[PDB]
$ cat protein.csv   # CSV, N, CA, C and O atoms
chain,number,residue,atom,x,y,z
A,1,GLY,N,0.8,-1.2,0.0
A,1,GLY,CA,0.0,0.0,0.0
A,1,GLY,C,0.9,1.2,0.0
A,1,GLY,O,1.5,1.5,-1.0
A,2,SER,N,0.8,2.0,1.1
A,2,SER,CA,1.7,3.2,1.2
A,2,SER,C,3.2,2.8,1.3
A,2,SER,O,3.6,2.0,2.1
A,3,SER,N,3.9,3.3,0.3
A,3,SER,CA,5.3,2.7,0.0
A,3,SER,C,6.1,3.9,-0.7
A,3,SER,O,6.2,3.9,-1.9
A,4,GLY,N,6.7,4.7,0.1
A,4,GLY,CA,7.7,5.7,-0.4
A,4,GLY,C,7.9,6.7,0.7
A,4,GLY,O,9.0,6.8,1.3
A,5,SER,N,6.9,7.6,0.9
A,5,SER,CA,6.7,8.5,2.0
A,5,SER,C,7.6,9.7,2.0
A,5,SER,O,7.1,10.8,2.0
A,6,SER,N,8.9,9.5,2.1
A,6,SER,CA,9.9,10.6,1.9
A,6,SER,C,9.7,11.3,0.5
A,6,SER,O,10.1,12.4,0.4
A,7,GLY,N,9.1,10.6,-0.5
A,7,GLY,CA,8.7,11.1,-1.7
A,7,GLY,C,10.0,11.5,-2.5
A,7,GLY,O,10.2,12.7,-2.7
A,8,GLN,N,10.8,10.5,-2.9
A,8,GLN,CA,11.9,10.7,-3.8
A,8,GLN,C,11.5,11.4,-5.1
A,8,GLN,O,10.3,11.3,-5.5
A,9,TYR,N,12.4,12.0,-5.8
A,9,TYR,CA,12.2,12.9,-6.9
A,9,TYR,C,11.4,12.2,-8.1
A,9,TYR,O,10.9,12.9,-8.9
A,10,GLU,N,11.4,10.9,-8.1
A,10,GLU,CA,10.6,10.1,-9.1
A,10,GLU,C,9.2,10.6,-9.2
A,10,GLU,O,8.6,10.5,-10.2
A,11,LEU,N,8.6,11.0,-8.1
A,11,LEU,CA,7.2,11.6,-8.1
A,11,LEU,C,7.2,12.8,-9.0
A,11,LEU,O,6.4,12.9,-10.0
A,12,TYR,N,8.1,13.7,-8.8
A,12,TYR,CA,8.3,15.0,-9.5
A,12,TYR,C,8.9,14.9,-10.9
A,12,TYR,O,8.8,15.8,-11.7
A,13,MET,N,9.4,13.7,-11.3
A,13,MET,CA,9.8,13.5,-12.7
A,13,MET,C,8.6,13.7,-13.6
A,13,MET,O,8.7,14.1,-14.7
A,14,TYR,N,7.4,13.3,-13.1
A,14,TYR,CA,6.2,13.4,-13.8
A,14,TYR,C,5.4,14.6,-13.5
A,14,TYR,O,5.1,15.4,-14.4
A,15,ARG,N,5.1,14.8,-12.2
A,15,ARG,CA,4.1,15.8,-11.7
A,15,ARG,C,4.7,17.2,-11.7
A,15,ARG,O,5.9,17.4,-11.6
A,16,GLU,N,3.8,18.2,-11.6
A,16,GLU,CA,4.2,19.6,-11.5
A,16,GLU,C,4.1,20.2,-10.1
A,16,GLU,O,3.4,19.6,-9.3
A,17,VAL,N,4.7,21.3,-9.8
A,17,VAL,CA,4.8,22.0,-8.6
A,17,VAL,C,4.7,23.5,-8.9
A,17,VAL,O,4.9,23.9,-10.0
A,18,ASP,N,4.4,24.3,-7.9
A,18,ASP,CA,4.4,25.8,-8.0
A,18,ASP,C,5.8,26.2,-7.6
A,18,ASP,O,6.1,26.3,-6.4
A,19,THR,N,6.7,26.5,-8.5
A,19,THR,CA,8.1,26.9,-8.2
A,19,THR,C,8.1,28.2,-7.3
A,19,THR,O,9.1,28.4,-6.6
A,20,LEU,N,7.1,29.1,-7.4
A,20,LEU,CA,7.1,30.3,-6.7
A,20,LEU,C,6.7,30.0,-5.2
A,20,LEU,O,7.3,30.6,-4.3
A,21,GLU,N,5.8,29.1,-4.9
A,21,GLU,CA,5.4,28.7,-3.6
A,21,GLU,C,6.5,27.8,-3.0
A,21,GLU,O,6.8,27.9,-1.8
A,22,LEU,N,7.1,27.0,-3.8
A,22,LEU,CA,8.2,26.1,-3.4
A,22,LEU,C,9.3,27.0,-2.8
A,22,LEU,O,9.8,26.7,-1.7
A,23,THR,N,9.8,27.9,-3.6
A,23,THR,CA,10.9,28.8,-3.2
A,23,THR,C,10.5,29.5,-1.9
A,23,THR,O,11.3,29.7,-1.0
A,24,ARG,N,9.3,30.0,-1.8
A,24,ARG,CA,8.7,30.6,-0.6
A,24,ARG,C,8.8,29.7,0.6
A,24,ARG,O,9.4,30.1,1.6
A,25,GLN,N,8.2,28.5,0.6
A,25,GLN,CA,8.3,27.5,1.6
A,25,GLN,C,9.7,27.3,2.1
A,25,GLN,O,10.0,27.3,3.3
A,26,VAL,N,10.6,27.1,1.1
A,26,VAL,CA,12.1,26.9,1.4
A,26,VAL,C,12.6,28.2,2.1
A,26,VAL,O,13.2,28.0,3.2
A,27,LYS,N,12.5,29.4,1.6
A,27,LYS,CA,12.9,30.6,2.2
A,27,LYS,C,12.4,30.8,3.6
A,27,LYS,O,13.2,31.1,4.5
A,28,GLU,N,11.2,30.4,3.9
A,28,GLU,CA,10.6,30.5,5.2
A,28,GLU,C,11.3,29.5,6.1
A,28,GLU,O,11.7,29.8,7.2
A,29,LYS,N,11.3,28.2,5.8
A,29,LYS,CA,11.9,27.1,6.6
A,29,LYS,C,13.3,27.4,6.9
A,29,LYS,O,13.8,27.1,8.0
A,30,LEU,N,14.1,28.0,6.0
A,30,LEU,CA,15.5,28.4,6.2
A,30,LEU,C,15.5,29.6,7.2
A,30,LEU,O,16.3,29.5,8.1
A,31,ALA,N,14.7,30.6,6.9
A,31,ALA,CA,14.7,31.8,7.8
A,31,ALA,C,14.3,31.5,9.2
A,31,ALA,O,14.9,32.0,10.2
A,32,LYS,N,13.3,30.6,9.4
A,32,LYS,CA,12.8,30.1,10.7
A,32,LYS,C,13.9,29.3,11.5
A,32,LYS,O,13.7,28.9,12.7
A,33,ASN,N,15.0,29.1,10.9
A,33,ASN,CA,16.2,28.3,11.4
A,33,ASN,C,17.5,29.2,11.3
A,33,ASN,O,18.5,28.7,11.7
A,34,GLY,N,17.4,30.4,10.8
A,34,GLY,CA,18.6,31.2,10.7
A,34,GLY,C,19.6,30.6,9.7
A,34,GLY,O,20.8,30.7,9.9
A,35,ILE,N,19.2,29.9,8.7
A,35,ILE,CA,20.0,29.3,7.7
A,35,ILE,C,20.2,30.4,6.6
A,35,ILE,O,19.2,30.8,6.0
A,36,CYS,N,21.4,30.7,6.3
A,36,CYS,CA,21.8,31.5,5.1
A,36,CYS,C,21.4,30.7,3.9
A,36,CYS,O,22.0,29.7,3.6
A,37,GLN,N,20.4,31.2,3.1
A,37,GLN,CA,20.0,30.6,1.9
A,37,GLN,C,21.2,30.4,0.9
A,37,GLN,O,21.1,29.5,0.1
A,38,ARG,N,22.2,31.2,1.0
A,38,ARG,CA,23.4,31.1,0.2
A,38,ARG,C,24.1,29.8,0.5
A,38,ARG,O,24.3,29.0,-0.5
A,39,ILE,N,24.5,29.5,1.7
A,39,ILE,CA,25.2,28.3,2.1
A,39,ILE,C,24.3,27.0,1.8
A,39,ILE,O,24.8,26.0,1.4
A,40,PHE,N,23.0,27.2,2.1
A,40,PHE,CA,22.0,26.1,1.7
A,40,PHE,C,22.2,25.8,0.2
A,40,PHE,O,22.3,24.7,-0.2
A,41,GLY,N,22.2,26.9,-0.6
A,41,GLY,CA,22.3,26.7,-2.1
A,41,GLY,C,23.6,26.1,-2.4
A,41,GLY,O,23.7,25.1,-3.3
A,42,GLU,N,24.7,26.5,-1.8
A,42,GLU,CA,26.1,26.0,-2.1
A,42,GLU,C,26.3,24.5,-1.7
A,42,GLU,O,26.8,23.8,-2.5
A,43,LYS,N,25.8,24.1,-0.5
A,43,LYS,CA,26.0,22.8,0.0
A,43,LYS,C,24.9,21.9,-0.4
A,43,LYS,O,25.1,20.9,-1.2
A,44,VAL,N,23.6,22.2,0.0
A,44,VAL,CA,22.5,21.4,-0.3
A,44,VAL,C,22.2,21.3,-1.8
A,44,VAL,O,22.2,20.2,-2.3
A,45,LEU,N,21.9,22.5,-2.4
A,45,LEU,CA,21.5,22.5,-3.8
A,45,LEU,C,22.7,22.1,-4.7
A,45,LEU,O,22.5,21.4,-5.7
A,46,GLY,N,23.8,22.6,-4.3
A,46,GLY,CA,25.1,22.5,-5.1
A,46,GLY,C,25.4,23.6,-6.0
A,46,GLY,O,26.3,23.5,-6.8
A,47,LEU,N,24.7,24.7,-6.0
A,47,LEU,CA,24.8,25.8,-7.0
A,47,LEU,C,25.6,27.0,-6.5
A,47,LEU,O,25.9,27.1,-5.3
A,48,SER,N,26.0,27.8,-7.4
A,48,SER,CA,26.8,29.0,-7.2
A,48,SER,C,25.9,30.0,-6.4
A,48,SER,O,24.7,30.0,-6.5
A,49,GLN,N,26.6,30.8,-5.6
A,49,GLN,CA,26.0,31.7,-4.6
A,49,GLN,C,25.1,32.8,-5.2
A,49,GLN,O,24.1,33.2,-4.6
A,50,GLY,N,25.4,33.2,-6.5
A,50,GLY,CA,24.6,34.1,-7.2
A,50,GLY,C,23.5,33.4,-8.0
A,50,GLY,O,22.3,33.9,-7.9
A,51,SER,N,23.7,32.3,-8.6
A,51,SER,CA,22.7,31.5,-9.3
A,51,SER,C,21.6,31.2,-8.4
A,51,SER,O,20.4,31.4,-8.8
A,52,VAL,N,21.8,30.7,-7.2
A,52,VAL,CA,20.7,30.3,-6.2
A,52,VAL,C,20.0,31.6,-5.8
A,52,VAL,O,18.8,31.5,-5.5
A,53,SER,N,20.7,32.7,-5.7
A,53,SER,CA,20.1,34.0,-5.3
A,53,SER,C,19.0,34.4,-6.3
A,53,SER,O,17.9,34.6,-6.0
A,54,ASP,N,19.4,34.4,-7.6
A,54,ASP,CA,18.5,34.7,-8.7
A,54,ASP,C,17.4,33.6,-8.7
A,54,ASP,O,16.2,34.0,-9.0
A,55,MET,N,17.6,32.4,-8.3
A,55,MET,CA,16.6,31.3,-8.3
A,55,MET,C,15.6,31.7,-7.3
A,55,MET,O,14.4,31.8,-7.7
A,56,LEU,N,15.9,31.8,-6.0
A,56,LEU,CA,15.0,32.0,-4.9
A,56,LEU,C,14.3,33.4,-5.0
A,56,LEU,O,13.2,33.5,-4.5
A,57,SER,N,14.9,34.4,-5.7
A,57,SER,CA,14.3,35.7,-5.9
A,57,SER,C,13.3,35.7,-7.0
A,57,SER,O,12.2,36.2,-6.9
A,58,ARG,N,13.7,35.2,-8.2
A,58,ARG,CA,12.9,35.2,-9.4
A,58,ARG,C,13.0,33.9,-10.2
A,58,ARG,O,13.7,33.8,-11.2
A,59,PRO,N,12.4,32.8,-9.7
A,59,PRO,CA,12.5,31.5,-10.3
A,59,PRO,C,11.8,31.5,-11.7
A,59,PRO,O,11.2,32.5,-12.1
A,60,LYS,N,12.0,30.4,-12.5
A,60,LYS,CA,11.2,30.2,-13.7
A,60,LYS,C,10.1,29.2,-13.3
A,60,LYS,O,10.2,28.5,-12.4
A,61,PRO,N,9.0,29.1,-14.1
A,61,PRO,CA,7.9,28.1,-13.9
A,61,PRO,C,8.5,26.7,-14.2
A,61,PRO,O,9.4,26.6,-15.0
A,62,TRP,N,7.8,25.7,-13.7
A,62,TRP,CA,8.2,24.3,-13.9
A,62,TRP,C,8.3,23.9,-15.4
A,62,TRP,O,9.2,23.2,-15.9
A,63,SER,N,7.3,24.5,-16.1
A,63,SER,CA,7.2,24.3,-17.6
A,63,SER,C,8.3,24.8,-18.4
A,63,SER,O,8.6,24.4,-19.5
A,64,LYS,N,9.1,25.8,-17.9
A,64,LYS,CA,10.3,26.3,-18.5
A,64,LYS,C,11.5,25.4,-18.2
A,64,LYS,O,12.4,25.3,-19.0
A,65,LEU,N,11.6,24.8,-17.0
A,65,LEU,CA,12.7,24.1,-16.5
A,65,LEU,C,12.8,22.8,-17.2
A,65,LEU,O,11.9,22.0,-17.1
A,66,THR,N,13.9,22.5,-17.9
A,66,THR,CA,14.2,21.1,-18.4
A,66,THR,C,14.7,20.2,-17.2
A,66,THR,O,14.8,20.7,-16.1
A,67,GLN,N,14.9,18.9,-17.4
A,67,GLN,CA,15.4,18.1,-16.4
A,67,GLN,C,16.6,18.6,-15.7
A,67,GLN,O,16.6,18.6,-14.4
A,68,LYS,N,17.6,19.1,-16.4
A,68,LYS,CA,18.8,19.7,-15.7
A,68,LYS,C,18.5,21.0,-15.0
A,68,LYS,O,19.2,21.4,-14.1
A,69,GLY,N,17.5,21.7,-15.4
A,69,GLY,CA,17.0,22.9,-14.8
A,69,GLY,C,16.1,22.7,-13.5
A,69,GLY,O,16.1,23.5,-12.6
A,70,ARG,N,15.4,21.5,-13.5
A,70,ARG,CA,14.6,21.1,-12.4
A,70,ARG,C,15.4,20.5,-11.3
A,70,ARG,O,15.0,20.6,-10.1
A,71,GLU,N,16.6,20.0,-11.5
A,71,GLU,CA,17.5,19.4,-10.5
A,71,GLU,C,17.6,20.2,-9.2
A,71,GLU,O,17.4,19.6,-8.1
A,72,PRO,N,17.9,21.5,-9.2
A,72,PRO,CA,18.0,22.3,-7.9
A,72,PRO,C,16.6,22.4,-7.3
A,72,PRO,O,16.5,22.3,-6.1
A,73,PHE,N,15.6,22.7,-8.1
A,73,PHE,CA,14.2,22.8,-7.6
A,73,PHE,C,13.7,21.5,-6.9
A,73,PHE,O,13.2,21.5,-5.8
A,74,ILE,N,14.0,20.3,-7.5
A,74,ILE,CA,13.8,19.0,-7.0
A,74,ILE,C,14.4,18.9,-5.6
A,74,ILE,O,13.8,18.4,-4.6
A,75,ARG,N,15.7,19.2,-5.5
A,75,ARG,CA,16.4,19.1,-4.2
A,75,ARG,C,15.8,20.1,-3.2
A,75,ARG,O,15.7,19.7,-2.0
A,76,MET,N,15.3,21.2,-3.6
A,76,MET,CA,14.5,22.2,-2.8
A,76,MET,C,13.3,21.5,-2.3
A,76,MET,O,13.0,21.5,-1.1
A,77,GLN,N,12.5,20.8,-3.1
A,77,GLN,CA,11.2,20.1,-2.8
A,77,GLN,C,11.5,19.0,-1.8
A,77,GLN,O,10.7,18.8,-0.9
A,78,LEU,N,12.5,18.2,-2.0
A,78,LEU,CA,12.9,17.2,-1.1
A,78,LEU,C,13.3,17.7,0.2
A,78,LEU,O,12.6,17.4,1.2
A,79,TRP,N,14.2,18.7,0.2
A,79,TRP,CA,14.8,19.2,1.5
A,79,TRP,C,13.7,19.7,2.4
A,79,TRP,O,13.8,19.6,3.6
A,80,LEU,N,12.5,20.2,1.9
A,80,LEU,CA,11.4,20.6,2.7
A,80,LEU,C,10.9,19.6,3.6
A,80,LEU,O,10.8,19.8,4.8
A,81,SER,N,10.7,18.3,3.1
A,81,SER,CA,10.2,17.2,3.9
A,81,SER,C,11.3,16.3,4.3
A,81,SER,O,11.5,16.0,5.5
A,82,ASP,N,12.2,15.9,3.4
A,82,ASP,CA,13.3,14.9,3.5
A,82,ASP,C,14.3,15.4,4.5
A,82,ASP,O,14.9,14.6,5.2
A,83,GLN,N,14.6,16.7,4.5
A,83,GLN,CA,15.7,17.4,5.2
A,83,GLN,C,17.1,17.0,4.8
A,83,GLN,O,18.0,17.7,5.3
A,84,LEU,N,17.2,16.0,3.9
A,84,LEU,CA,18.5,15.4,3.5
A,84,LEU,C,19.4,15.2,4.7
A,84,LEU,O,20.5,15.8,4.8
A,85,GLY,N,19.1,14.2,5.5
A,85,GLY,CA,19.8,14.0,6.8
A,85,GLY,C,21.0,13.1,6.5
A,85,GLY,O,21.0,12.0,7.1
A,86,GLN,N,21.9,13.5,5.7
A,86,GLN,CA,23.3,13.0,5.6
A,86,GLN,C,23.9,13.4,7.0
A,86,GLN,O,24.1,12.6,7.9
A,87,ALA,N,24.3,14.7,7.1
A,87,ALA,CA,25.3,15.1,8.0
A,87,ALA,C,25.1,16.6,8.2
A,87,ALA,O,24.9,17.4,7.2
A,88,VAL,N,25.1,17.1,9.4
A,88,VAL,CA,25.1,18.5,9.8
A,88,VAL,C,26.2,18.6,10.8
A,88,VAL,O,26.5,17.7,11.6
A,89,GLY,N,26.9,19.8,10.9
A,89,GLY,CA,27.8,20.1,12.0
A,89,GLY,C,29.0,20.9,11.6
A,89,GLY,O,30.0,20.8,12.3
A,90,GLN,N,29.1,21.5,10.4
A,90,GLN,CA,30.3,22.2,9.9
A,90,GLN,C,30.0,23.5,9.2
A,90,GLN,O,29.5,23.4,8.0
A,91,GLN,N,30.2,24.6,9.8
A,91,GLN,CA,30.3,25.9,9.2
A,91,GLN,C,31.5,26.0,8.3
A,91,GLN,O,32.6,25.4,8.6
A,92,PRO,N,31.5,26.9,7.3
A,92,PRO,CA,32.7,27.4,6.6
A,92,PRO,C,33.6,28.3,7.5
A,92,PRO,O,33.5,29.5,7.4
A,93,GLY,N,34.5,27.7,8.3
A,93,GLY,CA,35.6,28.4,8.9
A,93,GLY,C,36.4,29.0,7.7
A,93,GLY,O,36.8,28.3,6.8
A,94,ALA,N,36.7,30.3,7.8
A,94,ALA,CA,37.2,31.2,6.8
A,94,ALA,C,36.4,32.6,7.0
A,94,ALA,O,35.3,32.6,7.5
A,95,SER,N,37.0,33.7,6.5
A,95,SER,CA,36.4,35.0,6.3
A,95,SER,C,37.4,35.9,5.5
A,95,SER,O,38.6,35.4,5.3
A,96,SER,N,37.0,37.1,5.2
A,96,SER,CA,37.9,38.1,4.7
A,96,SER,C,37.2,39.5,5.0
A,96,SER,O,35.9,39.5,5.0
A,97,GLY,N,37.9,40.5,5.2
A,97,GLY,CA,37.5,41.9,5.1
A,97,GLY,C,38.3,42.6,4.0
A,97,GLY,O,39.3,42.1,3.6
A,98,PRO,N,37.8,43.8,3.6
A,98,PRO,CA,38.6,44.6,2.6
A,98,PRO,C,39.8,45.1,3.2
A,98,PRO,O,39.9,45.3,4.4
A,99,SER,N,40.8,45.5,2.4
A,99,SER,CA,42.0,46.2,2.7
A,99,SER,C,42.4,47.1,1.5
A,99,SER,O,42.0,46.7,0.4
A,100,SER,N,43.1,48.1,1.8
A,100,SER,CA,43.7,49.1,0.8
A,100,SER,C,45.1,49.4,1.1
A,100,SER,O,45.7,50.4,0.7
A,101,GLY,N,45.8,48.5,2.0
A,101,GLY,CA,46.5,49.0,3.1
A,101,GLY,C,45.5,48.9,4.3
A,101,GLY,O,44.5,48.2,4.2
$ encode --input "protein.csv" --output "structure tokens"
Amino acid sequence: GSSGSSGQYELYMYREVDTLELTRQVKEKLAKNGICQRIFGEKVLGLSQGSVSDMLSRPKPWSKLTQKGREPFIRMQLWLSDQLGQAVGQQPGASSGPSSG
């Protein structure tokens, strides 16, 4: 009977989603936890820091996204429920400030 539950991307290979409400749900769940959507994009989604910014700010509809364009949105959809519980516990140790002298 009920057999999957975490809802792997194979559901979304066929069916459509509201990419605007998806990015919304994601942005909220991240904000509710003080997660920088940048580092989420970098690690979880796997995307460049500006590419994911443009994504979450001004997505395209599912109908525009090809399979390679849906990949980050799929990982977004999963992460909502799935949380992708590999591993947590490491910030990016590093920083810089400007200098001129």
$ atom_distance --input "protein.csv" --atom1 "atom O of residue A:90" --atom2 "atom O of residue A:39"
8.5 Å
$ closest_residue --input "protein.csv" --among "A:14, A:29, A:98, A:20" --to "residue A:59" --atoms "all atoms listed in the file"
A:20
$ residues_around --input "protein.csv" --residues "residue A:41" --least-positions-apart "4" --cutoff "8 Å" --atoms "all atoms listed in the file" --output "VMD selection string"
chain A and resid 36 to 37 45 to 49 51 to 53 72
$ residues_around --input "protein.csv" --residues "residue A:88" --least-positions-apart "2" --cutoff "12 Å" --atoms "only C-alpha atoms" --output "ChimeraX atom specification"
/A:40,43-44,83-86,90-91
$ atom_distance --input "protein.csv" --atom1 "atom CA of residue A:31" --atom2 "atom O of residue A:63"
28.9 Å
$ select_by_dssp --input "protein.csv" --residues "stretch 15-97 of chain A" --states "alpha helix (DSSP H)" --output "NGL selection string"
:A and (19-31 or 37-39 or 49-57 or 67-82)
$ closest_residue --input "protein.csv" --among "A:77, A:95, A:23, A:33" --to "residue A:54" --atoms "only C-alpha atoms"
A:23
$ residues_around --input "protein.csv" --residues "residue A:80" --least-positions-apart "2" --cutoff "8 Å" --atoms "all atoms listed in the file" --output "ChimeraX atom specification"
/A:6,22,25-26,29,73-78,82-84
$ closest_residue --input "protein.csv" --among "A:19, A:3, A:96, A:81" --to "residue A:58" --atoms "all atoms listed in the file"
A:19
$ closest_residue --input "protein.csv" --among "A:93, A:87, A:42, A:12" --to "residue A:70" --atoms "only N, CA, C and O atoms"
A:12
$ atom_distance --input "protein.csv" --atom1 "atom CA of residue A:38" --atom2 "atom CA of residue A:92"
11.9 Å
$ residues_around --input "protein.csv" --residues "residue A:61" --least-positions-apart "3" --cutoff "7 Å" --atoms "all atoms listed in the file" --output "PyMOL selection string"
chain A and resi 17-20+64-66
$ closest_residue --input "protein.csv" --among "A:100, A:56, A:15, A:8" --to "residue A:28" --atoms "only C-alpha atoms"
A:56
$ closest_residue --input "protein.csv" --among "A:94, A:89, A:101, A:67" --to "residue A:13" --atoms "only N, CA, C and O atoms"
A:67
$ decode --input "protein.csv" --residues "stretch 16-100 of chain A" --atoms "C-alpha atoms" --output "compact mmCIF listing (two decimals), in the first residue's frame"
# COMPACT_ATOMS: atom_id res chain seq x y z
CA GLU A 16 4.23 19.64 -11.54
CA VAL A 17 4.83 22.00 -8.56
CA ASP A 18 4.39 25.77 -7.98
CA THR A 19 8.06 26.88 -8.17
CA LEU A 20 7.08 30.28 -6.68
CA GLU A 21 5.41 28.75 -3.56
CA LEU A 22 8.21 26.12 -3.38
CA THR A 23 10.94 28.78 -3.15
CA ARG A 24 8.66 30.56 -0.62
CA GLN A 25 8.28 27.45 1.64
CA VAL A 26 12.06 26.93 1.36
CA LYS A 27 12.93 30.61 2.17
CA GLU A 28 10.60 30.49 5.22
CA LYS A 29 11.88 27.12 6.58
CA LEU A 30 15.46 28.43 6.16
CA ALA A 31 14.66 31.82 7.79
CA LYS A 32 12.83 30.06 10.72
CA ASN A 33 16.17 28.34 11.45
CA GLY A 34 18.59 31.23 10.66
CA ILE A 35 20.03 29.30 7.68
CA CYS A 36 21.77 31.54 5.12
CA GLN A 37 19.99 30.57 1.87
CA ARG A 38 23.41 31.09 0.19
CA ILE A 39 25.18 28.26 2.09
CA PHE A 40 22.02 26.14 1.71
CA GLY A 41 22.32 26.70 -2.07
CA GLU A 42 26.07 26.03 -2.06
CA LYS A 43 26.01 22.78 -0.03
CA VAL A 44 22.45 21.37 -0.26
CA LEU A 45 21.48 22.47 -3.80
CA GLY A 46 25.09 22.46 -5.06
CA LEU A 47 24.76 25.81 -6.95
CA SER A 48 26.76 29.04 -7.20
CA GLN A 49 25.97 31.71 -4.60
CA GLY A 50 24.56 34.15 -7.21
CA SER A 51 22.74 31.49 -9.30
CA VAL A 52 20.75 30.33 -6.25
CA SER A 53 20.07 33.99 -5.28
CA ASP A 54 18.53 34.65 -8.72
CA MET A 55 16.65 31.32 -8.29
CA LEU A 56 15.01 32.05 -4.92
CA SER A 57 14.31 35.72 -5.86
CA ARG A 58 12.95 35.23 -9.43
CA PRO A 59 12.46 31.52 -10.32
CA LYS A 60 11.17 30.21 -13.68
CA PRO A 61 7.93 28.11 -13.89
CA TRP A 62 8.24 24.28 -13.90
CA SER A 63 7.15 24.32 -17.58
CA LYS A 64 10.32 26.31 -18.49
CA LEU A 65 12.72 24.13 -16.48
CA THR A 66 14.19 21.14 -18.36
CA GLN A 67 15.39 18.05 -16.37
CA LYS A 68 18.82 19.68 -15.71
CA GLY A 69 17.01 22.95 -14.78
CA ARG A 70 14.60 21.10 -12.39
CA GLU A 71 17.49 19.40 -10.49
CA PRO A 72 17.99 22.26 -7.94
CA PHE A 73 14.19 22.77 -7.56
CA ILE A 74 13.78 18.99 -6.96
CA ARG A 75 16.43 19.14 -4.21
CA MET A 76 14.53 22.16 -2.80
CA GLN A 77 11.24 20.11 -2.83
CA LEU A 78 12.91 17.15 -1.14
CA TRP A 79 14.75 19.23 1.46
CA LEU A 80 11.40 20.64 2.67
CA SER A 81 10.19 17.22 3.88
CA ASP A 82 13.28 14.94 3.50
CA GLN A 83 15.66 17.43 5.22
CA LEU A 84 18.47 15.39 3.49
CA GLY A 85 19.79 13.98 6.75
CA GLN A 86 23.27 12.98 5.64
CA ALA A 87 25.29 15.14 7.98
CA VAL A 88 25.12 18.50 9.78
CA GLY A 89 27.77 20.14 11.99
CA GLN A 90 30.31 22.17 9.94
CA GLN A 91 30.28 25.90 9.18
CA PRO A 92 32.72 27.37 6.59
CA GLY A 93 35.60 28.39 8.86
CA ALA A 94 37.19 31.24 6.82
CA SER A 95 36.39 34.98 6.30
CA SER A 96 37.87 38.15 4.73
CA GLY A 97 37.49 41.91 5.15
CA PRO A 98 38.58 44.55 2.59
CA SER A 99 42.01 46.23 2.74
CA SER A 100 43.68 49.07 0.79
